[PDB]
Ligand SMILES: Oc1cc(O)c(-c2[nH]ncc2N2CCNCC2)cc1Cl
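Let's start with one chain on its own, the form solved without this ligand, as structure tokens.
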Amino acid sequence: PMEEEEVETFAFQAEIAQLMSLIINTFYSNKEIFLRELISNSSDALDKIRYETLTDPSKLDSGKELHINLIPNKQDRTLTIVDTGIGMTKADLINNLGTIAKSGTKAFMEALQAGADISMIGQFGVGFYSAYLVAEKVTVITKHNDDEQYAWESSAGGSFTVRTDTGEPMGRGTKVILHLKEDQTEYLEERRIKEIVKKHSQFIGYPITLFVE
């Protein structure tokens, strides 16, 4: 019958767009750290739902398992990071992922100019953008107990779109889908992924499972 679907296109905050251009158009050596950042974000989100459930157990109606799943897809060339954390509401997505200024962006771009390793990105509260070190496009599927499921997305270039997600329902949590650049396919390999996790994300307070096709 043909369905209609609303979309809204936003502009990244000025310094955030510059950061993205920087990340994307400059060569960096320690790119493997992008995974550490996404996993850290998931651990934070899982902590939030866990603590919230202490006072309100019905918050787990949407799922009780608290875990992280890594899903490499060699056909698609996508690396998906899924967590059953607190998730993001529409407002969270828009405010947290692009629209509101971050206080560490400036100091961080300054540091990279001077030669800092991108691994430093964590400290500055702008770690999510490290995803652009290996990905040309990033999709964020998210579901929060207080809102419907939403899909965030951008190939950078200064804007990102947000829409209600009519795709496969998640229950609760966040799914980061990385559409990897052609020269970054090593991150689809199970040996490589396990190497990075062992090296940088060993002390995660929740189980991580790697699903290999």
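Counting begins at 1, following the sequence as shown. In this text, rigid core is short for the largest set of C-alphas that superpose within 1.5 Å between two forms.
There is another form of this protein, the form solved in complex with this ligand, and it is not shown here; the text below is about that form.
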item	value
is_contact(residue 179, this ligand) in the deposited bound form, heavy atom dist at most 4.5 Å	no
Touches this ligand in the deposited bound form: residue 97 (any heavy atom, 4.5 Å)	yes
Exercise: residue 135 in contact with this ligand in the deposited bound form, heavy atom 4.5 Å	no
Residue 66, heavy atom within 4.5 angstroms of this ligand in the deposited bound form	no
Within 4.5 Å of this ligand in the deposited bound form, all of 42, 45 and 88 (non-hydrogen atom)	yes
Residue 109: Cα shift of 2 Å or greater between the shown form and the other one (core-aligned)	yes
Core-superposed comparison between the shown form and the other one, residue 78 Cα displacement 2 Å or beyond	no
After fitting the core, residue 127 CA displacement of 2 Å or more between the shown form and the other one	no
Cα-Cα shift for residue 154 and residue 99, closer or farther in the deposited bound form, minimum 3 Å	farther
Direction of C-alpha distance change in the deposited bound form, residue 46 to residue 99 (at least 3 Å)	closer
